[PDB]
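Here is structure.tsv, consisting of TSV, N, CA and C atoms:
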```tsv
chain	number	residue	atom	x	y	z
A	1	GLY	N	90.95	61.92	97.31
A	1	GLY	CA	91.56	60.76	96.68
A	1	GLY	C	93.04	60.97	96.34
A	2	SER	N	93.54	62.20	96.46
A	2	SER	CA	94.94	62.56	96.28
A	2	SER	C	95.85	61.96	97.37
A	3	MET	N	95.27	61.47	98.47
A	3	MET	CA	95.96	60.77	99.55
A	3	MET	C	96.34	59.34	99.15
A	4	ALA	N	97.07	59.23	98.05
A	4	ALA	CA	97.54	58.00	97.46
A	4	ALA	C	98.61	57.36	98.34
A	5	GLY	N	98.45	56.07	98.64
A	5	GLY	CA	99.40	55.29	99.44
A	5	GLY	C	99.31	55.67	100.91
A	6	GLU	N	99.82	56.85	101.27
A	6	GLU	CA	99.70	57.42	102.60
A	6	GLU	C	98.29	58.00	102.77
A	7	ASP	N	97.31	57.10	102.81
A	7	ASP	CA	95.92	57.39	103.07
A	7	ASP	C	95.73	57.88	104.51
A	8	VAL	N	94.59	58.53	104.72
A	8	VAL	CA	94.27	59.34	105.90
A	8	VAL	C	92.86	59.06	106.44
A	9	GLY	N	92.23	58.04	105.88
A	9	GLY	CA	90.86	57.60	106.14
A	9	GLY	C	89.85	58.58	105.55
A	10	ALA	N	89.84	59.82	106.06
A	10	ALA	CA	88.95	60.89	105.62
A	10	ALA	C	89.54	62.26	105.99
A	11	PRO	N	89.34	63.28	105.14
A	11	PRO	CA	89.76	64.65	105.39
A	11	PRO	C	88.99	65.28	106.57
A	12	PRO	N	89.48	66.40	107.14
A	12	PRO	CA	88.85	67.08	108.27
A	12	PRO	C	87.49	67.63	107.83
A	13	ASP	N	86.38	67.01	108.25
A	13	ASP	CA	85.02	67.32	107.77
A	13	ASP	C	84.60	68.77	108.07
A	14	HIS	N	85.22	69.37	109.08
A	14	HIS	CA	85.27	70.80	109.30
A	14	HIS	C	86.72	71.17	109.57
A	15	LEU	N	87.03	72.45	109.39
A	15	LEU	CA	88.19	73.10	109.98
A	15	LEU	C	87.62	74.33	110.67
A	16	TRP	N	87.99	74.53	111.93
A	16	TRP	CA	87.50	75.60	112.79
A	16	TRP	C	88.72	76.45	113.07
A	17	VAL	N	88.73	77.73	112.67
A	17	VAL	CA	89.84	78.58	113.05
A	17	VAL	C	89.75	78.80	114.56
A	18	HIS	N	90.91	78.72	115.20
A	18	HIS	CA	91.07	78.70	116.64
A	18	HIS	C	92.25	79.58	117.07
A	19	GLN	N	93.28	79.68	116.23
A	19	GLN	CA	94.50	80.41	116.51
A	19	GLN	C	94.94	81.16	115.25
A	20	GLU	N	95.93	82.03	115.40
A	20	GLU	CA	96.34	82.99	114.38
A	20	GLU	C	96.86	82.29	113.12
A	21	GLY	N	96.00	82.18	112.10
A	21	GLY	CA	96.24	81.44	110.87
A	21	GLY	C	96.17	79.93	111.10
A	22	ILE	N	95.54	79.48	112.19
A	22	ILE	CA	95.56	78.10	112.65
A	22	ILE	C	94.12	77.63	112.90
A	23	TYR	N	93.77	76.60	112.15
A	23	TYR	CA	92.55	75.83	112.22
A	23	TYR	C	92.78	74.62	113.13
A	24	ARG	N	91.69	73.98	113.53
A	24	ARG	CA	91.69	72.71	114.23
A	24	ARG	C	90.78	71.73	113.49
A	25	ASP	N	91.18	70.46	113.51
A	25	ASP	CA	90.51	69.30	112.94
A	25	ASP	C	89.38	68.85	113.87
A	26	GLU	N	88.52	67.97	113.35
A	26	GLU	CA	87.62	67.12	114.13
A	26	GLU	C	88.40	66.10	114.95
A	27	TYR	N	89.59	65.74	114.47
A	27	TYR	CA	90.49	64.82	115.12
A	27	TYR	C	91.29	65.51	116.24
A	28	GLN	N	91.00	66.79	116.48
A	28	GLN	CA	91.51	67.62	117.57
A	28	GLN	C	93.00	67.97	117.43
A	29	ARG	N	93.47	68.02	116.18
A	29	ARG	CA	94.83	68.36	115.80
A	29	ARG	C	94.81	69.67	115.01
A	30	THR	N	95.89	70.44	115.10
A	30	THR	CA	95.98	71.81	114.60
A	30	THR	C	96.49	71.86	113.16
A	31	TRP	N	95.99	72.83	112.39
A	31	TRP	CA	96.15	72.98	110.96
A	31	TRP	C	96.54	74.41	110.66
A	32	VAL	N	97.79	74.62	110.27
A	32	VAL	CA	98.35	75.91	109.92
A	32	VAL	C	97.89	76.22	108.50
A	33	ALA	N	97.08	77.27	108.33
A	33	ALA	CA	96.68	77.77	107.03
A	33	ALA	C	97.63	78.88	106.58
A	34	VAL	N	98.20	78.73	105.38
A	34	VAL	CA	98.84	79.78	104.60
A	34	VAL	C	98.11	79.91	103.27
A	35	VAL	N	98.44	80.93	102.48
A	35	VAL	CA	97.75	81.25	101.24
A	35	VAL	C	98.74	81.50	100.10
A	36	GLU	N	98.29	81.21	98.87
A	36	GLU	CA	98.80	81.73	97.62
A	36	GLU	C	97.62	82.05	96.70
A	37	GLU	N	97.89	82.69	95.57
A	37	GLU	CA	96.89	83.13	94.61
A	37	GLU	C	97.15	82.51	93.24
A	38	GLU	N	96.10	82.42	92.42
A	38	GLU	CA	96.14	82.01	91.03
A	38	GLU	C	95.26	82.95	90.20
A	39	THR	N	95.31	82.79	88.88
A	39	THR	CA	94.87	83.72	87.84
A	39	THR	C	93.37	84.04	87.91
A	40	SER	N	92.60	83.30	88.71
A	40	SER	CA	91.25	83.68	89.11
A	40	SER	C	90.83	83.09	90.46
A	41	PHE	N	91.79	82.82	91.35
A	41	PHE	CA	91.56	82.12	92.59
A	41	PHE	C	92.44	82.68	93.71
A	42	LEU	N	92.05	82.38	94.96
A	42	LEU	CA	92.97	82.34	96.08
A	42	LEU	C	92.90	80.95	96.70
A	43	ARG	N	94.07	80.45	97.11
A	43	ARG	CA	94.30	79.07	97.45
A	43	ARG	C	94.93	79.05	98.84
A	44	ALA	N	94.20	78.54	99.82
A	44	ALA	CA	94.75	78.27	101.13
A	44	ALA	C	95.44	76.92	101.07
A	45	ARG	N	96.70	76.86	101.48
A	45	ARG	CA	97.38	75.63	101.81
A	45	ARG	C	97.26	75.48	103.31
A	46	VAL	N	96.44	74.52	103.74
A	46	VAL	CA	96.29	74.16	105.13
A	46	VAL	C	97.20	72.96	105.36
A	47	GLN	N	97.98	72.97	106.45
A	47	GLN	CA	98.95	71.94	106.78
A	47	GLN	C	98.82	71.55	108.25
A	48	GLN	N	98.62	70.26	108.54
A	48	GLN	CA	98.43	69.78	109.89
A	48	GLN	C	99.78	69.60	110.57
A	49	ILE	N	99.98	70.39	111.62
A	49	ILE	CA	101.15	70.40	112.47
A	49	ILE	C	100.74	70.84	113.88
A	50	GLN	N	101.33	70.17	114.87
A	50	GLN	CA	101.04	70.24	116.29
A	50	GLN	C	101.54	71.58	116.84
A	51	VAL	N	100.61	72.44	117.26
A	51	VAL	CA	100.86	73.64	118.04
A	51	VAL	C	99.92	73.65	119.25
A	52	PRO	N	100.32	74.25	120.38
A	52	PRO	CA	99.53	74.24	121.61
A	52	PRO	C	98.26	75.08	121.47
A	53	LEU	N	97.10	74.44	121.64
A	53	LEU	CA	95.78	75.04	121.65
A	53	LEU	C	95.73	76.13	122.73
A	54	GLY	N	94.92	77.16	122.46
A	54	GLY	CA	94.85	78.41	123.19
A	54	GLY	C	94.17	79.44	122.30
A	55	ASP	N	92.84	79.54	122.41
A	55	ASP	CA	91.94	80.22	121.49
A	55	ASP	C	92.26	81.72	121.38
A	56	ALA	N	92.66	82.17	120.19
A	56	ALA	CA	93.29	83.46	119.97
A	56	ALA	C	92.35	84.57	119.48
A	57	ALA	N	91.05	84.40	119.72
A	57	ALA	CA	89.95	85.37	119.53
A	57	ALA	C	89.73	85.93	118.11
A	58	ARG	N	90.62	85.63	117.15
A	58	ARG	CA	90.45	85.75	115.69
A	58	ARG	C	90.34	87.18	115.11
A	59	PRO	N	91.20	88.13	115.52
A	59	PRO	CA	91.20	89.47	114.96
A	59	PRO	C	91.69	89.43	113.50
A	60	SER	N	92.78	88.69	113.27
A	60	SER	CA	93.32	88.27	111.99
A	60	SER	C	92.23	87.80	111.05
A	61	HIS	N	91.44	86.81	111.47
A	61	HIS	CA	90.58	86.05	110.57
A	61	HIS	C	89.31	86.82	110.26
A	62	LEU	N	88.85	87.68	111.17
A	62	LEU	CA	87.83	88.67	110.85
A	62	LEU	C	88.39	89.66	109.83
A	63	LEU	N	89.53	90.30	110.14
A	63	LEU	CA	90.07	91.44	109.39
A	63	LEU	C	90.42	91.03	107.96
A	64	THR	N	91.11	89.90	107.81
A	64	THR	CA	91.34	89.26	106.53
A	64	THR	C	90.00	88.80	105.96
A	65	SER	N	89.44	87.74	106.56
A	65	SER	CA	88.29	86.96	106.12
A	65	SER	C	88.28	86.56	104.62
A	66	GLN	N	89.51	86.46	104.08
A	66	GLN	CA	89.69	85.66	102.86
A	66	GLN	C	89.39	84.23	103.33
A	67	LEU	N	90.30	83.64	104.10
A	67	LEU	CA	90.12	82.35	104.74
A	67	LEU	C	89.07	82.52	105.85
A	68	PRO	N	88.21	81.53	106.10
A	68	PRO	CA	87.00	81.70	106.89
A	68	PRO	C	87.21	81.45	108.39
A	69	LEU	N	86.12	81.67	109.14
A	69	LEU	CA	85.97	81.25	110.53
A	69	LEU	C	85.89	79.72	110.60
A	70	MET	N	85.11	79.11	109.69
A	70	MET	CA	84.97	77.67	109.56
A	70	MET	C	84.87	77.27	108.08
A	71	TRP	N	85.44	76.11	107.75
A	71	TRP	CA	85.26	75.39	106.50
A	71	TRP	C	84.47	74.12	106.82
A	72	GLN	N	83.72	73.61	105.84
A	72	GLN	CA	82.82	72.48	105.94
A	72	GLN	C	82.96	71.69	104.65
A	73	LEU	N	83.38	70.43	104.75
A	73	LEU	CA	83.63	69.58	103.62
A	73	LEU	C	82.34	69.36	102.83
A	74	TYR	N	82.50	69.27	101.52
A	74	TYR	CA	81.47	69.41	100.52
A	74	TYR	C	81.68	68.41	99.37
A	75	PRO	N	80.60	67.97	98.68
A	75	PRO	CA	80.67	67.07	97.54
A	75	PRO	C	81.62	67.53	96.42
A	76	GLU	N	81.98	66.59	95.55
A	76	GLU	CA	82.95	66.74	94.46
A	76	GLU	C	84.38	67.02	94.97
A	77	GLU	N	84.63	66.77	96.27
A	77	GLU	CA	85.82	67.20	97.00
A	77	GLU	C	85.99	68.71	96.91
A	78	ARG	N	85.11	69.42	97.62
A	78	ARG	CA	85.27	70.83	97.92
A	78	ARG	C	85.03	71.05	99.41
A	79	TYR	N	85.14	72.29	99.84
A	79	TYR	CA	84.83	72.79	101.16
A	79	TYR	C	83.99	74.05	101.00
A	80	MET	N	82.77	74.03	101.52
A	80	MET	CA	82.02	75.24	101.77
A	80	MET	C	82.70	75.95	102.94
A	81	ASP	N	82.45	77.25	103.08
A	81	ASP	CA	82.77	77.99	104.28
A	81	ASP	C	81.55	78.64	104.92
A	82	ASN	N	81.73	79.08	106.17
A	82	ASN	CA	80.70	79.74	106.96
A	82	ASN	C	80.24	81.08	106.37
A	83	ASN	N	81.03	81.65	105.46
A	83	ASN	CA	80.72	82.87	104.73
A	83	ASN	C	79.95	82.58	103.44
A	84	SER	N	79.55	81.32	103.23
A	84	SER	CA	78.81	80.82	102.08
A	84	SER	C	79.54	81.05	100.75
A	85	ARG	N	80.87	80.92	100.74
A	85	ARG	CA	81.62	80.66	99.52
A	85	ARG	C	82.31	79.30	99.63
A	86	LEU	N	82.92	78.92	98.52
A	86	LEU	CA	83.20	77.52	98.26
A	86	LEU	C	84.60	77.39	97.69
A	87	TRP	N	85.37	76.52	98.34
A	87	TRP	CA	86.78	76.26	98.17
A	87	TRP	C	86.96	74.85	97.60
A	88	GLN	N	87.45	74.74	96.37
A	88	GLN	CA	87.65	73.46	95.72
A	88	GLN	C	88.94	72.85	96.26
A	89	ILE	N	88.92	71.55	96.56
A	89	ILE	CA	90.14	70.85	96.92
A	89	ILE	C	91.03	70.77	95.68
A	90	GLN	N	92.31	71.06	95.88
A	90	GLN	CA	93.38	70.87	94.89
A	90	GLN	C	94.33	69.68	95.36
A	91	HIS	N	94.33	69.47	96.68
A	91	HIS	CA	94.68	68.14	97.20
A	91	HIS	C	94.28	68.06	98.70
A	92	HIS	N	93.98	66.81	99.09
A	92	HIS	CA	94.11	66.47	100.53
A	92	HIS	C	95.21	65.32	100.43
A	93	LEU	N	96.30	65.39	101.19
A	93	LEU	CA	97.26	64.30	101.29
A	93	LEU	C	97.97	64.33	102.64
A	94	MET	N	98.86	63.37	102.89
A	94	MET	CA	99.64	63.30	104.12
A	94	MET	C	101.03	62.76	103.82
A	95	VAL	N	102.02	63.26	104.56
A	95	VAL	CA	103.44	62.95	104.40
A	95	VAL	C	104.06	62.88	105.79
A	96	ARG	N	104.55	61.70	106.18
A	96	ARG	CA	105.09	61.40	107.51
A	96	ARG	C	104.17	61.88	108.65
A	97	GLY	N	102.86	61.89	108.39
A	97	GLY	CA	101.83	62.28	109.33
A	97	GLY	C	101.47	63.76	109.29
A	98	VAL	N	102.22	64.59	108.54
A	98	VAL	CA	101.82	65.96	108.24
A	98	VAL	C	100.78	65.85	107.14
A	99	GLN	N	99.51	66.09	107.47
A	99	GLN	CA	98.48	66.26	106.45
A	99	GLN	C	98.71	67.62	105.79
A	100	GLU	N	98.44	67.73	104.49
A	100	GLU	CA	98.34	68.99	103.80
A	100	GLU	C	97.05	68.95	102.96
A	101	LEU	N	96.45	70.12	102.75
A	101	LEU	CA	95.15	70.30	102.16
A	101	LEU	C	95.18	71.62	101.40
A	102	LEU	N	95.12	71.55	100.07
A	102	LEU	CA	94.99	72.73	99.25
A	102	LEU	C	93.52	72.97	99.01
A	103	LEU	N	93.06	74.15	99.40
A	103	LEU	CA	91.70	74.61	99.33
A	103	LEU	C	91.69	75.85	98.45
A	104	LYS	N	90.88	75.89	97.40
A	104	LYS	CA	90.95	76.91	96.37
A	104	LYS	C	89.61	77.61	96.20
A	105	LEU	N	89.50	78.80	96.78
A	105	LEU	CA	88.30	79.61	96.77
A	105	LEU	C	87.94	79.96	95.33
A	106	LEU	N	86.78	79.46	94.89
A	106	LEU	CA	86.26	79.69	93.55
A	106	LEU	C	86.12	81.20	93.27
A	107	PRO	N	86.20	81.64	92.00
A	107	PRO	CA	86.32	83.03	91.58
A	107	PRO	C	85.51	84.03	92.41
A	108	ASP	N	86.20	84.95	93.08
A	108	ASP	CA	85.63	85.94	93.98
A	108	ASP	C	85.91	87.35	93.45
A	109	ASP	N	85.19	88.35	93.96
A	109	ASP	CA	85.38	89.76	93.65
A	109	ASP	C	86.66	90.27	94.34
A	110	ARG	N	87.82	89.92	93.78
A	110	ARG	CA	89.12	90.22	94.38
A	110	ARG	C	89.53	91.66	94.09
A	111	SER	N	88.85	92.54	94.81
A	111	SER	CA	89.16	93.96	94.91
A	111	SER	C	90.60	94.17	95.42
A	112	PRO	N	91.25	95.29	95.05
A	112	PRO	CA	92.59	95.61	95.51
A	112	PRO	C	92.59	95.98	97.00
A	113	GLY	N	93.74	95.79	97.66
A	113	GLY	CA	93.90	96.02	99.09
A	113	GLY	C	93.24	94.90	99.89
A	114	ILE	N	91.91	94.81	99.84
A	114	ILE	CA	91.10	93.86	100.57
A	114	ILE	C	90.00	93.28	99.68
A	115	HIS	N	89.60	92.04	99.98
A	115	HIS	CA	88.44	91.35	99.43
A	115	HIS	C	88.05	90.32	100.48
```
Go through the file and emit its structure as structure tokens.
Amino acid sequence: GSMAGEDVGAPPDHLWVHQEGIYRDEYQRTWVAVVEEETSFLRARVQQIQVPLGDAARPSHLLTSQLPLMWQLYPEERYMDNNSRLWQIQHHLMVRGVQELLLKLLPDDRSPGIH
């Protein structure tokens, strides 16, 4: 509902990682995921921007696996992931056709180095 004025019909009901830090929509458009952290969270900022498809086998996304192989839209405006953790929406919106989506992984065992 954060898509005020510049509505988007509906958010990407899945995001499928396909390229290096890059998800794809159901609408077949590419979504660059970056990350920041908060005082008990990690927050992926996913941003829809056109890059050439070409499946990059996901060494990054295995090795990291903070951000998932797949996200799946969920009630209360959240996203489940394929790893069975859950990312709360902090916004879904769009600006001049660039969709952006803040996804906030609910409190995890954030061990040092890796989690």
Quick one: residues within 7 Å of residue A:106, all atoms listed in the file counted, chain neighbours fewer than 6 positions away excluded, as an mmCIF file with N, CA and C atoms, in the frame of the given file?
```
data_model
loop_
_atom_site.group_PDB
_atom_site.id
_atom_site.type_symbol
_atom_site.label_atom_id
_atom_site.label_comp_id
_atom_site.auth_asym_id
_atom_site.auth_seq_id
_atom_site.Cartn_x
_atom_site.Cartn_y
_atom_site.Cartn_z
ATOM 1 N N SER A 40 92.600 83.300 88.710
ATOM 2 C CA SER A 40 91.250 83.680 89.110
ATOM 3 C C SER A 40 90.830 83.090 90.460
ATOM 4 N N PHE A 41 91.790 82.820 91.350
ATOM 5 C CA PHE A 41 91.560 82.120 92.590
ATOM 6 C C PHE A 41 92.440 82.680 93.710
ATOM 7 N N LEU A 42 92.050 82.380 94.960
ATOM 8 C CA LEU A 42 92.970 82.340 96.080
ATOM 9 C C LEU A 42 92.900 80.950 96.700
ATOM 10 N N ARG A 85 80.870 80.920 100.740
ATOM 11 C CA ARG A 85 81.620 80.660 99.520
ATOM 12 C C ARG A 85 82.310 79.300 99.630
ATOM 13 N N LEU A 86 82.920 78.920 98.520
ATOM 14 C CA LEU A 86 83.200 77.520 98.260
ATOM 15 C C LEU A 86 84.600 77.390 97.690
ATOM 16 N N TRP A 87 85.370 76.520 98.340
ATOM 17 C CA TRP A 87 86.780 76.260 98.170
ATOM 18 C C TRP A 87 86.960 74.850 97.600
ATOM 19 N N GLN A 88 87.450 74.740 96.370
ATOM 20 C CA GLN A 88 87.650 73.460 95.720
ATOM 21 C C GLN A 88 88.940 72.850 96.260
#
```
message = Could you tell me how far atom N of residue A:98 sits from atom CA of residue A:69, in Å to one decimal place?
response =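 Atom CA of residue A:69 sits 23.4 Å away from atom N of residue A:98.
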inquiry  = as a ChimeraX atom specification, please: every residue in stretch 15-92 of chain A that a backbone DSSP assignment puts in strand (DSSP E or B).
reply    = /A:15-19,22-24,30-38,41-48,70-74,78-81,86-92
Export of the given selection (N, CA and C atoms) as a CSV table (one decimal), keeping the file's coordinate frame:
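Okay, result21.csv is ready:
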```
chain,number,residue,atom,x,y,z
A,15,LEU,N,87.0,72.4,109.4
A,15,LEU,CA,88.2,73.1,110.0
A,15,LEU,C,87.6,74.3,110.7
A,16,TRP,N,88.0,74.5,111.9
A,16,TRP,CA,87.5,75.6,112.8
A,16,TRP,C,88.7,76.4,113.1
A,17,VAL,N,88.7,77.7,112.7
A,17,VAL,CA,89.8,78.6,113.0
A,17,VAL,C,89.8,78.8,114.6
A,18,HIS,N,90.9,78.7,115.2
A,18,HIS,CA,91.1,78.7,116.6
A,18,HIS,C,92.2,79.6,117.1
A,19,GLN,N,93.3,79.7,116.2
A,19,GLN,CA,94.5,80.4,116.5
A,19,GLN,C,94.9,81.2,115.2
A,22,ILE,N,95.5,79.5,112.2
A,22,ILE,CA,95.6,78.1,112.6
A,22,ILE,C,94.1,77.6,112.9
A,23,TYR,N,93.8,76.6,112.2
A,23,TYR,CA,92.6,75.8,112.2
A,23,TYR,C,92.8,74.6,113.1
A,24,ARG,N,91.7,74.0,113.5
A,24,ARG,CA,91.7,72.7,114.2
A,24,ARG,C,90.8,71.7,113.5
A,30,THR,N,95.9,70.4,115.1
A,30,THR,CA,96.0,71.8,114.6
A,30,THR,C,96.5,71.9,113.2
A,31,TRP,N,96.0,72.8,112.4
A,31,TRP,CA,96.2,73.0,111.0
A,31,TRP,C,96.5,74.4,110.7
A,32,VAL,N,97.8,74.6,110.3
A,32,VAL,CA,98.4,75.9,109.9
A,32,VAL,C,97.9,76.2,108.5
A,33,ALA,N,97.1,77.3,108.3
A,33,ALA,CA,96.7,77.8,107.0
A,33,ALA,C,97.6,78.9,106.6
A,34,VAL,N,98.2,78.7,105.4
A,34,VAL,CA,98.8,79.8,104.6
A,34,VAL,C,98.1,79.9,103.3
A,35,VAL,N,98.4,80.9,102.5
A,35,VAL,CA,97.8,81.2,101.2
A,35,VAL,C,98.7,81.5,100.1
A,36,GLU,N,98.3,81.2,98.9
A,36,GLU,CA,98.8,81.7,97.6
A,36,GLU,C,97.6,82.0,96.7
A,37,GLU,N,97.9,82.7,95.6
A,37,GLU,CA,96.9,83.1,94.6
A,37,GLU,C,97.2,82.5,93.2
A,38,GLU,N,96.1,82.4,92.4
A,38,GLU,CA,96.1,82.0,91.0
A,38,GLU,C,95.3,83.0,90.2
A,41,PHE,N,91.8,82.8,91.4
A,41,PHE,CA,91.6,82.1,92.6
A,41,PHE,C,92.4,82.7,93.7
A,42,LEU,N,92.0,82.4,95.0
A,42,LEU,CA,93.0,82.3,96.1
A,42,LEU,C,92.9,81.0,96.7
A,43,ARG,N,94.1,80.4,97.1
A,43,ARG,CA,94.3,79.1,97.4
A,43,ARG,C,94.9,79.0,98.8
A,44,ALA,N,94.2,78.5,99.8
A,44,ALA,CA,94.8,78.3,101.1
A,44,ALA,C,95.4,76.9,101.1
A,45,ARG,N,96.7,76.9,101.5
A,45,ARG,CA,97.4,75.6,101.8
A,45,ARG,C,97.3,75.5,103.3
A,46,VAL,N,96.4,74.5,103.7
A,46,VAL,CA,96.3,74.2,105.1
A,46,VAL,C,97.2,73.0,105.4
A,47,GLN,N,98.0,73.0,106.4
A,47,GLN,CA,99.0,71.9,106.8
A,47,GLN,C,98.8,71.6,108.2
A,48,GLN,N,98.6,70.3,108.5
A,48,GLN,CA,98.4,69.8,109.9
A,48,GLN,C,99.8,69.6,110.6
A,70,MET,N,85.1,79.1,109.7
A,70,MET,CA,85.0,77.7,109.6
A,70,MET,C,84.9,77.3,108.1
A,71,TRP,N,85.4,76.1,107.8
A,71,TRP,CA,85.3,75.4,106.5
A,71,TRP,C,84.5,74.1,106.8
A,72,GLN,N,83.7,73.6,105.8
A,72,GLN,CA,82.8,72.5,105.9
A,72,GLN,C,83.0,71.7,104.6
A,73,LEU,N,83.4,70.4,104.8
A,73,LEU,CA,83.6,69.6,103.6
A,73,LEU,C,82.3,69.4,102.8
A,74,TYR,N,82.5,69.3,101.5
A,74,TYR,CA,81.5,69.4,100.5
A,74,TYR,C,81.7,68.4,99.4
A,78,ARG,N,85.1,69.4,97.6
A,78,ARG,CA,85.3,70.8,97.9
A,78,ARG,C,85.0,71.0,99.4
A,79,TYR,N,85.1,72.3,99.8
A,79,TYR,CA,84.8,72.8,101.2
A,79,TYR,C,84.0,74.0,101.0
A,80,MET,N,82.8,74.0,101.5
A,80,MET,CA,82.0,75.2,101.8
A,80,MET,C,82.7,76.0,102.9
A,81,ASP,N,82.4,77.2,103.1
A,81,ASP,CA,82.8,78.0,104.3
A,81,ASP,C,81.6,78.6,104.9
A,86,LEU,N,82.9,78.9,98.5
A,86,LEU,CA,83.2,77.5,98.3
A,86,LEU,C,84.6,77.4,97.7
A,87,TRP,N,85.4,76.5,98.3
A,87,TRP,CA,86.8,76.3,98.2
A,87,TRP,C,87.0,74.8,97.6
A,88,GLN,N,87.4,74.7,96.4
A,88,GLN,CA,87.6,73.5,95.7
A,88,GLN,C,88.9,72.8,96.3
A,89,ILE,N,88.9,71.6,96.6
A,89,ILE,CA,90.1,70.8,96.9
A,89,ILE,C,91.0,70.8,95.7
A,90,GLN,N,92.3,71.1,95.9
A,90,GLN,CA,93.4,70.9,94.9
A,90,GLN,C,94.3,69.7,95.4
A,91,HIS,N,94.3,69.5,96.7
A,91,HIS,CA,94.7,68.1,97.2
A,91,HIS,C,94.3,68.1,98.7
A,92,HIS,N,94.0,66.8,99.1
A,92,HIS,CA,94.1,66.5,100.5
A,92,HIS,C,95.2,65.3,100.4
```
ask   = What separation in Å, quoted to one decimal, exists between atom CA of residue A:81 and atom CA of residue A:101?
value = 14.7 Å
Atom CA of residue A:39 to atom C of residue A:95, straight-line distance in Å = 29.0 Å
message = Could you list, as a PyMOL selection string, every residue within 8 Å of stretch 63-65 of chain A, counting only N, CA and C atoms and ignoring same-chain residues fewer than 4 positions away?
response = chain A and resi 58-59+69+114-115
task = Choose the residue, out of A:21, A:52, A:75, A:97, that has the smallest atom-to-atom separation from residue A:6; count only C-alpha atoms.
result =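 Going through A:21, A:52, A:75, A:97 one by one, the smallest distance to residue A:6 is for A:97.
The shortest atom-to-atom distance to residue A:105, with only N, CA and C atoms taken into account, belongs to A:89 out of A:32, A:73, A:56, A:89.
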So which residues touch residue A:29 within 7 Å, counting all atoms listed in the file, skipping near sequence neighbours fewer than 2 positions away, as a PDB file with N, CA and C atoms, in the frame of the given file?
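That gives us out.pdb:
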```pdb
ATOM      1  N   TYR A  23      93.770  76.600 112.150  1.00  0.00           N
ATOM      2  CA  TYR A  23      92.550  75.830 112.220  1.00  0.00           C
ATOM      3  C   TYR A  23      92.780  74.620 113.130  1.00  0.00           C
ATOM      4  N   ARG A  24      91.690  73.980 113.530  1.00  0.00           N
ATOM      5  CA  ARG A  24      91.690  72.710 114.230  1.00  0.00           C
ATOM      6  C   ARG A  24      90.780  71.730 113.490  1.00  0.00           C
ATOM      7  N   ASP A  25      91.180  70.460 113.510  1.00  0.00           N
ATOM      8  CA  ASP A  25      90.510  69.300 112.940  1.00  0.00           C
ATOM      9  C   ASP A  25      89.380  68.850 113.870  1.00  0.00           C
ATOM     10  N   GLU A  26      88.520  67.970 113.350  1.00  0.00           N
ATOM     11  CA  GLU A  26      87.620  67.120 114.130  1.00  0.00           C
ATOM     12  C   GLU A  26      88.400  66.100 114.950  1.00  0.00           C
ATOM     13  N   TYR A  27      89.590  65.740 114.470  1.00  0.00           N
ATOM     14  CA  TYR A  27      90.490  64.820 115.120  1.00  0.00           C
ATOM     15  C   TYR A  27      91.290  65.510 116.240  1.00  0.00           C
ATOM     16  N   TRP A  31      95.990  72.830 112.390  1.00  0.00           N
ATOM     17  CA  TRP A  31      96.150  72.980 110.960  1.00  0.00           C
ATOM     18  C   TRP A  31      96.540  74.410 110.660  1.00  0.00           C
ATOM     19  N   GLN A  48      98.620  70.260 108.540  1.00  0.00           N
ATOM     20  CA  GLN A  48      98.430  69.780 109.890  1.00  0.00           C
ATOM     21  C   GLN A  48      99.780  69.600 110.570  1.00  0.00           C
ATOM     22  N   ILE A  49      99.980  70.390 111.620  1.00  0.00           N
ATOM     23  CA  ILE A  49     101.150  70.400 112.470  1.00  0.00           C
ATOM     24  C   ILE A  49     100.740  70.840 113.880  1.00  0.00           C
ATOM     25  N   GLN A  50     101.330  70.170 114.870  1.00  0.00           N
ATOM     26  CA  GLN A  50     101.040  70.240 116.290  1.00  0.00           C
ATOM     27  C   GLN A  50     101.540  71.580 116.840  1.00  0.00           C
ATOM     28  N   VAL A  51     100.610  72.440 117.260  1.00  0.00           N
ATOM     29  CA  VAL A  51     100.860  73.640 118.040  1.00  0.00           C
ATOM     30  C   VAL A  51      99.920  73.650 119.250  1.00  0.00           C
TER      31      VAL A  51
END
```
As JSON: centre and edge lengths in Å, one decimal, of the axis-aligned box holding stretch 101-110 of chain A with 6 Å per side:
```
{"center_x": 90.8, "center_y": 80.9, "center_z": 97.2, "size_x": 23.3, "size_y": 33.5, "size_z": 23.2}
```
message = I'd like to know which residues of chain A are helix (DSSP H, G or I) (by DSSP, run on the backbone); could you write them as a PyMOL selection string?
response = chain A and resi 59-64
